[PDB]
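There is one chain below, alone, in structure tokens, taken in the form deposited in one PDB entry.
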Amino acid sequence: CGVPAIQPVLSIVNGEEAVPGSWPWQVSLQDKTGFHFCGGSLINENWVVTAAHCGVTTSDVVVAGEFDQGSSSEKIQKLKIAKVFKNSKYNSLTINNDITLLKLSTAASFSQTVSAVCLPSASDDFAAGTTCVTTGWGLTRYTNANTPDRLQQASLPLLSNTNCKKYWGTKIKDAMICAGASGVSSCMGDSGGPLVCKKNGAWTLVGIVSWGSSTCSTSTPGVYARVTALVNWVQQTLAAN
């Protein structure tokens, strides 16, 4: 896991386009009308992790292997969702434990553009200040009426919760990790996608895009579901299913 066949090159608001296919676990969650409303990450051939607040149902579709949502030349896999596992301890008023698992009705075919991000162990430590990356098809500018066709990426630093509470205070829970406030911001349509840090050569899912500035201000951090605090539930869900 976590080693893209097409290597990402790093030089969402004030991000940049991804090298096409360089983030092969990134999936697009699209409704009946083909409308992208959220992102997600492949954790293996049959399971996607995403945000609980995205509200995914079996009427929605997991689209894998996309780069340009306005191009019709990419071999994309349009995968039905067999079951939705929204974390029962997701508190919608607090946006805490903001995670949902999607069990695919049929398996994704892994390829150079479709593969899995690594999951961390509940005890890995991702130090405040590590440079990590987040990706998505969310807005590139807060007032935009449509989302970019091409997958975007941004490098950004993690924040200790304590420093993050200076921005957001008691809204910050332990099942949250903060990142950014450094000239970039995730934005509408990025929810559900990955925040990844590169552990021992492999990219490892450290956060799930969760919430932030109503205006995607680049001077206040984004908040992510802290994968470290929820990966045991993830592994036990898969074990039982």
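The term rigid core refers to the most C-alpha atoms you can superpose between the two forms while keeping them within 1.5 Å. In case it trips you up, residue 1 is the first one in the sequence shown, and so on.
From this point on, the text means the form deposited in another entry, which you will not see here.
- Only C187, out of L29, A179, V206, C187, shows a C-alpha shift of 2 Å or more between this form and the one not shown on alignment of the rigid core.
- Taking the rigid core as fixed, one finds a CA shift for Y90 smaller than 2 Å between this form and the one not shown.
- Once both forms are fitted on their core, the CA shift for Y167 between this form and the one not shown remains under 2 Å.
- The two forms, fitted on the rigid core, differ between this form and the one not shown by less than 2 Å at the CA of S111.
- Distance between the C-alpha atoms of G189 and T131: shorter by at least 3 Å in the other entry than in the displayed form.
- Annotation for the pair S219/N144: C-alpha atoms recede from each other in the other entry, by 3 Å or more compared with this form.
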